[PDB]
Amino acid sequence: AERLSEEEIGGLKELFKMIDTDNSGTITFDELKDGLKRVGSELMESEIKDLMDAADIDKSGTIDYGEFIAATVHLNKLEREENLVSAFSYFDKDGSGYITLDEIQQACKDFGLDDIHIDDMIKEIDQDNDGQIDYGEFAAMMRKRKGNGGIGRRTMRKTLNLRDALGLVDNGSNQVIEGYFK
Ligand SMILES: [Ca+2]
Ligand SMILES: [Ca+2]
Ligand SMILES: [Ca+2]
Ligand SMILES: [Ca+2]
């Protein structure tokens, strides 16, 4: 052939194997990260599984050349959500501001959540009390409790509560189907 891929832009097809450089030509939960953590970028697990359900068109814990590009063009724009929001969306499924062990452990279906280990995890991730994770807990569960407004943990992290947002913004999307047409 003389024209089929998008090699004109940049080594993207390679960018795909650029990730699964040790697997076999597929991106699994492990290589999901291994790939971008190579170019310098640094994401957390939650981001991996977040990209699997939110980007992996065939969330099977493995991304192929196809699922790659569809998941690459997503991060290829003017988007901003490389923070806690990654899990805050999946982990904090209800996105109310907290995650009770139910939503926490549940979000770990691949972790084989158990009453032995993942159970202690309730208390292992529980940064303030209820074996739950809130925008603040999920925040202190990896970092610390800064004195800046950034705080969001449950009313116990200090003494004060928290300031309410001014409003949520969103772009939205439409209904499109692709398969035999490109
Ligand atoms: Ca791989
Ligand atoms: Ca797949
Ligand atoms: Ca919630
Ligand atoms: Ca808690």
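Here, every reference points to the structure presented above.
So, how was this worked out
- Each chain is numbered from 1 in the order of its written sequence, a scheme that can depart from the entry numbering, and any residue without coordinates is omitted.
- Both sets of labels track the order of writing: A upward for chains, 1 upward for ligands.
- For side-chain calculations, the full set of non-hydrogen atoms in the structure is used, while hydrogens and water are omitted.
- Keep in mind that water is not among the atoms, so a site may look incomplete; donors are the N, O and S atoms within 2.8 Å of the metal, or 3.2 Å for Na, K and Ca.
- Any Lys or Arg side-chain nitrogen found within 4 Å of a carboxyl oxygen on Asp or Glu counts as a salt bridge.
- Only protein chains enter the accessibility calculation, which uses a 1.4 Å probe. A residue is then buried if its area is under 20% of the maximum for its type, exposed if over 50%, and partly exposed in between.
- Fitting a line to C-alpha atoms yields each axis, with helices limited to the stretch in contact; the angle taken between N-to-C directions then spans 0 to 180 degrees.
- For the purposes of this entry, the term helix denotes a DSSP run of H or I that reaches at least four residues, the term strand denotes a run of E that reaches at least two, and both are numbered from the N terminus.
- Orientation labels follow simple angle bins: below 35 degrees gives roughly parallel, above 145 gives roughly antiparallel, 65 to 115 gives roughly perpendicular, and whatever is left gives oblique.
- In a left-handed crossing the near helix is turned counterclockwise from the far helix by less than a right angle, and in a right-handed crossing that turn is clockwise.
- In what follows, a contact means two residues having at least one pair of non-hydrogen atoms within 4.5 Å.
- Any residue outside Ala, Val, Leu, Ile, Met, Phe, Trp, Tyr, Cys, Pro, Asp, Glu, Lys and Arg is labelled polar, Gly included; the first ten of those are nonpolar and the last four are charged.
- Pairing of aromatic rings covers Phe, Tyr and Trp, the last counted by its six-membered ring, and requires centre-to-centre distances within 6.5 Å; plane angles under 30 degrees mean stacked, over 60 mean edge-to-face, and any other angle means tilted.
- Charged-residue counts in this description rest on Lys and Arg as positive and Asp and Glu as negative, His and the chain ends being excluded.

A.B. asks: Give me the coordination of the calcium ion (ligand 4): which residues, what numbers.
C.D. replies: Protein-derived coordination of the calcium ion (ligand 4) comes from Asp126 (OD), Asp128 (OD), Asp130 (N), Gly131 (N), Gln132 (N), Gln132 (O), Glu137 (OE) and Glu137 (OE), at a distance range of 2.2 to 3.2 Å. Each donor residue of the calcium ion (ligand 4) lies on the same chain, and together they follow the pattern D-x1-D-x1-D-G-Q-x4-E.

A.B. asks: Quick one: what's the story with the pattern of salt bridges, residue by residue and with numbers?
C.D. replies: Oppositely charged side chains may form a pair once their charged atoms are brought near each other. Taken as a whole and judged by the stated rule, the model has 2 salt bridges. Among the salt bridges present, the one from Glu14 reaches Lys13, with a minimum N-O distance of 3.1 Å. Given the relative accessible area of 25%, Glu14 is considered partly exposed. Where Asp34 meets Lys37, a salt bridge forms, and the shortest distance between an N and an O atom there is 3.5 Å. The class for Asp34 is partly exposed, based on a relative accessible area of 25%.

A.B. asks: Help me get a handle on the packing of helix α2 (residues 29–36) against helix α3 (residues 45–54), residues and values and all.
C.D. replies: Packing of α2 against α3 brings their axes to within 9 Å, and their N-to-C directions diverge by 110°. Regarding the angle of α2 to α3, the classification is roughly perpendicular. The two elements α2 and α3 meet at a crossing, and its hand is right-handed. Taken together, the residues of α3 that come into contact with α2 (itself represented by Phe29, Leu32 and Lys33) are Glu45, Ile48, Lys49, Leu51 and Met52. Broken down by class, the residue content of the contact of α2 with α3 amounts to 5 nonpolar, no polar and 3 charged.

A.B. asks: Give me the lowdown on the coordination of the calcium ion (ligand 3), citing residues and values where you can.
C.D. replies: At the metal site, the calcium ion (ligand 3) is ligated by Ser96 (OG), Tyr98 (O) and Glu103 (OE), and these contacts range over 2.4 to 3.0 Å. Written as a sequence motif, the donor residues of the calcium ion (ligand 3) are S-x1-Y-x4-E.

A.B. asks: Account for the packing of aromatic side chains, naming residues and giving values.
C.D. replies: Considering all chains together, one arrives at 4 aromatic pairs under this definition. Ring geometry for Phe88 and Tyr135: centres 5.6 Å apart, planes at 75°, overall edge-to-face. Here the residue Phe88 occupies a position in helix α5 (residues 85–90), and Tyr135 occupies one in the loop between β4 (132–134) and α8 (137–140), the gap between them amounting to 47 residues. The exposure class of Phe88 is partly exposed, given its relative accessible area of 23%. Using a relative accessible area of 36% as the deciding quantity, one classes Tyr135 as partly exposed. A network of ring pairs unites the aromatic residues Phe16, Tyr65 and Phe68 as a single cluster.

A.B. asks: Any details on the side chain of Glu137? Residues and values, ideally.
C.D. replies: With respect to the secondary-structure elements, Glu137 resides in helix α8. Buried and unpaired, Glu137 has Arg154 as its nearest opposite-charge partner, separated by 7.7 Å. In contact with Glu137, not counting residues within four places along its chain, are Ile125, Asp126, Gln127, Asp128, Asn129, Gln132 and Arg153.

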